[PDB]
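Every number in this text was worked out from the coordinates using simple rules, so none of it is lab data. With ideal geometry, Cβ positions are generated from the backbone for all residues, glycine too; neighbour counts draw on all protein chains shown.
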Amino acid sequence: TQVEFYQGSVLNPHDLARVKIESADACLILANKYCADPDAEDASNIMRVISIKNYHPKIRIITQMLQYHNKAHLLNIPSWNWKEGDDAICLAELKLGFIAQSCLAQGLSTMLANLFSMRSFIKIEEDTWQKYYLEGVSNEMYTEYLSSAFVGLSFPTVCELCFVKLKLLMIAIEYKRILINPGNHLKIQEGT
Amino acid sequence: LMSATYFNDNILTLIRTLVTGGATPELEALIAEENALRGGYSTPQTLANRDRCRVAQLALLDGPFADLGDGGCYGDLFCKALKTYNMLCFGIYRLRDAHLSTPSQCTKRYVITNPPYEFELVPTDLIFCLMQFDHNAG
Amino acid sequence: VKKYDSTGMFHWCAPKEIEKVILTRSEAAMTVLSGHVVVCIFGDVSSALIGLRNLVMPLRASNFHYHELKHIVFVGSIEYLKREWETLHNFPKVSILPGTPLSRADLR
Amino acid sequence: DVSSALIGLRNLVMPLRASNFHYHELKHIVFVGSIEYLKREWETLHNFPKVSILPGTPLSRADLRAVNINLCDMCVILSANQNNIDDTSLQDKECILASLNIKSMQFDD
Ligand SMILES: [Ca+2]
Ligand SMILES: [Mg+2]
C-alpha cells in the first residue's frame, strides 16, 4: 500500500507523464556509487536530470553526484534552482567534509551519520559497549516549530527547559535562517 | 540523506554549514561563475559574521569538569556547562574499556549520542562541545 | 593575499609554486612537522580524481583561531599528484611527498 | 580529447569569406576547447586569419565571459565525442550541457 512500480525510461516523456510527475511532490535520483567509470555514471545522472527538468522544470530534484566537477555542470542548467530545493548531494564532497570534521574532532563522522539514519530503540541484556552504543544511536535529528510559551526567553534557557522538563535537546533554531547554537544574547520569538 | 533531505529541505544546507564551515550561497555563486577560487584584496567587512559556535571535543579528566566527572551524572555536568560556558553536549566520546572494571591499555573510544540526565559518567570520558570565538587570538 | 572569502568565514592565502611547497625525503627530514594532518593518496596515471578541495576547506573556517590551524601533508606517487596539482596549487601549508604510503621511511 | 576524431573546420569558415560580402562585414572567429584537440587539428588551421584559440572548457563561465559571448554575432557548439560515445542518448553530452549553460547565463549591461 506504500510502493508502486512502473517500467519506463526517464529520457522518455511518455513514461514521465505516466507516473504523473506534474503532481509529484519531488523526484529522487539514485546513483551507482560503485561503477567502474564514475564519469559515465555522473553523465547518465546528468541527462536524467536534464530529461526530468525538460518535462517539468518546476519539479524538485534530489540527486547524488559522484564528483564535484561533474556536480558543477548541474549549476549551469536553467531549471536547476537551489532555492526551490534542487539538492545535488555530492558523495565525494560530503565524505571529504566528514573526514575533515573527524580531523578536527575524532569520532564526529559516525555521530553525524547516525543522526541522519532512522534507527529503532534496541536494548541488550548483557552490559557491553554495544548496549550503550545502541542506546545513543537511537536518537535522530528532527525539526519542529516551537511553542509560543517559550517566546520571550533565551536559547540556552529553552535548551535547559526542554532537557530537564521535556527531555529534549536543541542544537539550532531560527531567528526572526538557520542559527546553530546561538548565544545567550539572542532571544526566541514567535514561530521559532 | 535522501529521506532526511526530503522531509526537511534545509537539512542539506545545515550539513554544509556545519561540516564545510559555512558554505554560503554567495560563495557557491562565485564558484559557479569562476569554476575556481581566485585571489582578492582584504575587506574590513569580513570580521563581523565570523562569530559562530565551533564543534570540538573536551576532556573531563581535568579542569572544572573533574569534580562532576568523578562518578557524577551526565545531566548535572551538561547543565552546569550550559549555564557557565554556553556549552552544548550532544554526546559522549567514551573509551571502550572505560566502563570495564579491569584497567586496560586500550585508547580508542566510541560515541554515545544524547545520553540521558541520569546517565552515569566516567572521569576519562570525552564530550562533544560547541563553543564561541574570539577575533584577537592571532 | 585573500585570507577571507567574500562572506568572511574562511582562511586562504596567495598561490604558490609547485616546487615551493613540495618536500622531498631530506626536505621532510630537516623540516619538523608536528601537530599536522597526514593524507595518504593511492593511485596511478590511470586513476580517477578525488576533489581534495573539500577535504581542506572546512579546516580553514574562520570561526577557529588562526593559531589552531593544522599543516597538511600528502603522500603518494608523484604521477597522480602532478595530475591533480592543477586544482591544488592555490592553497597554503600543503606539502607533497613522492613515494608510497606503504613505505615506513616516508611515514617516519 | 586526445582520442577524439577530426571535424574539418575549413568549410565552417570558408563561406564566411565569400567576396560577394563587403570586407567590413566580415566576422572574427574564436574557438574554445581543450588545447590537446586544438593542437591536434591546428595543422589544417594555421593558414587562416582572425582565428583565435582558447584553451579550457566551454562549460566554464569565465571562459565565455572572456570571449564576450553576449556580444558575439553567433555561437555554435560542436562535439568530437559524438563518435566515441557508444550510447546514442549520451553522444549529445557536451552540446546539450553547453547550450543549457549559455541559456542560463546572466549578463550585466
Ligand atoms: Ca529513534
Ligand atoms: Mg497504491
Q) Among residues other than D:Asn83 whose Cβ falls under 14 Å from its Cβ, what is the net charge (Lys/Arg +1, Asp/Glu -1)? A) -4
Q.
If you scale each eigenvalue of the Cα gyration tensor by 5 and take the root, what three semi-axes come out for chain A, rounded to whole angstrom and sorted largest first?
A. 37, 24, 19
Q: Place a +1 charge on the Cβ of each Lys and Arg in region B:72-132 and a -1 charge on the Cβ of each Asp and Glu, then give the dipole magnitude about the Cα centre in debye, rounded to the nearest 20.
A: 200
Q | Net dipole in debye of chain A [+1 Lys, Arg Cβ; -1 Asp, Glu Cβ; about Cα centre; nearest 20] | A | 440
Q: Mind checking region A:1-71 for GluC sites (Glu not before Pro) that DSSP puts in a loop (not H, G, I, E or B) and that have at most 12 other Cβ atoms within 10 Å?
A: A:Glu4
Q | Gyration tensor verdict on region B:74-138 (Cα atoms; rounded if a/c is under 1.5, prolate if a/b is larger than b/c, oblate otherwise) | A | oblate
Q) In whole Hz, what ³J(HN,Hα) sequence does region D:60-74 give by Karplus (6.51, -1.76, 1.60; θ = phi - 60°), x for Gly and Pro? A) 7, 5, 5, 4, 5, 5, 5, 5, 6, 5, 5, 8, 6, 5, 6
Q) Around C:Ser95, which amide H atoms from residues at least 5 apart in sequence, or from another chain, sit under 5 Å from its own amide H, with H modelled in the peptide plane? A) C:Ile72, C:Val73, C:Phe74
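Arranged by the count of other C-beta atoms within 10 angstrom, fewest first, what order do B:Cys73, C:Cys40, A:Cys90 take? Provide the component values of the computation, followed by the final result.
Values: B:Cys73 17, C:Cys40 14, A:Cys90 22.
In increasing order of surrounding Cβ atoms, one gets C:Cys40, B:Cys73, A:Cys90.
Using only the Cα atoms of region A:113-162, what semi-axes does the equivalent ellipsoid have when each is the square root of 5 times a gyration tensor eigenvalue? Give whole Å, largest first.
31, 13, 9
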Q: Express the relative contact order of region D:1-96 as a whole percentage, based on alpha carbon pairs under 8 Å and six or more residues apart in sequence.
A: 31
Q | Evaluated over region B:1-124, the Cα radius of gyration and Dmax, each in Å | A | 20.3, 60
**Q.** Radius of gyration and Dmax over the Cα atoms of region A:1-71, both given in Å
**A.** 12.9, 40
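Report the local net charge at A:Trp129: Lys and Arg +1, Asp and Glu -1, summed over other residues whose C-beta lies under 12 Å from its C-beta.
Neighbourhood net charge equals +1.
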Q: Using only the Cα atoms of region D:47-109, each taken as one equal point scatterer with no solvent, compute I(q) by the Debye sum, divide by I(0), and report log10 of the ratio at q = 0.21 Å⁻¹.
A: -0.96
Q: Give the residues of region B:13-50 whose amide nitrogen is closer than 17 Å to a point set 7 Å from the Cα of D:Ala62 in the direction of its Cβ.
A: B:27-41
Q) How big is D, in µm² s⁻¹, for region B:23-75 by Stokes-Einstein at 20 °C and 1.002 mPa s if Rh is the Kirkwood radius over C-alpha pairs? A) 135
(Q) How long are the semi-axes of the equivalent ellipsoid of chain D, taking √(5λ) for every eigenvalue λ of the Cα gyration tensor, in whole Å from largest down? (A) 24, 20, 13
**Q.** Per-residue average of Cβ from other chains inside 10 Å of A:45-54
**A.** 2
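For the protein assembly as shown, what value does the Rg/Rh ratio take when both radii are computed over Cα atoms and Rh is the Kirkwood radius, given to two decimals?
1.01
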Q | Test item: A:19-26 mean partner chain Cβ contacts at 10 Å | A | 1
Q. Using the 10 angstrom Cβ neighbour count as an exposure proxy, how do D:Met74, A:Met65, B:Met87 rank, fewest first?
A. D:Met74, B:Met87, A:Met65
(Q) Using a 10 Å cut-off around each Cβ of peptide A:67-77, what is the average number of partner chain Cβ atoms that fall inside? (A) 6
**Q.** Magnitude of the charge dipole, chain D, Cβ model with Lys/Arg +1 and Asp/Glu -1, debye to 20
**A.** 320
Q) In terms of Cα to Cα distance under 26 Å, which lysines are near enough to C:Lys93, apart from those fewer than 8 places away along the same chain? A) A:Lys95, C:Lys2, C:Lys3, C:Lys16, C:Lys20, C:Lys70, C:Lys82
Q | FRET E, pair D:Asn84, A:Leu11, Förster distance 22 Å, beta-carbon r, rounded to 0.05 | A | 0.65
(Q) From the helices alone, meaning DSSP H stretches of at least four residues, give me the mean residue ellipticity at 222 nm for the protein assembly as shown, per-run term -39500 (n - 2.57), in deg cm²/dmol to the nearest 500. (A) -8000 deg cm²/dmol
Q. So how long is each side of region A:43-144 along the principal axes, counting just the alpha-carbon atoms, biggest first, in Å?
A. 57, 29, 26
**Q.** Cα-based convex hull volume of chain C per residue, rounded to whole Å³
**A.** 107
Q) Going through region D:29-109, which trypsin sites (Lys or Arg not before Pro) have at most 16 other Cβ atoms within 10 Å and a DSSP loop state? A) D:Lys50
Q: Using a cut-off of 11 Å between beta-carbons, work out the net charge of the residues near B:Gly39 (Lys and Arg +1, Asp and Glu -1, B:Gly39 not included).
A: +3
**Q.** Given charges at Cβ of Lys, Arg, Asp, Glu: the protein assembly as shown dipole, positive-most of D:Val67, A:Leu161, A:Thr63
**A.** D:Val67
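For region B:6-53, compute Rh as the Kirkwood radius over C-alpha pairs and then the Stokes-Einstein diffusion coefficient at 20 °C and 1.002 mPa s; write the answer in µm²/s, rounded to an integer.
167
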Q: Against the globular-protein guess of 2.2 N^0.38 Å, express the Cα radius of gyration of region A:144-192 as a ratio, rounded to two decimals.
A: 1.00
Q | Loop-located GluC sites (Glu not before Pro) in region A:57-137, at most 15 other Cβ atoms within 10 Å (DSSP) | A | A:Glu84, A:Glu125, A:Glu126
Q. In a GNM of chain D with a 10 Å cut-off on Cα contacts, which of D:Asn11, D:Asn81, D:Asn20 has the highest mean-square fluctuation?
A. D:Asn20
Q: Estimate the FRET efficiency between A:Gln130 and A:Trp82 by the formula 1/(1 + (r/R0)^6), using the beta-carbon distance for r and 35 Å for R0, to the nearest 0.05.
A: 0.30
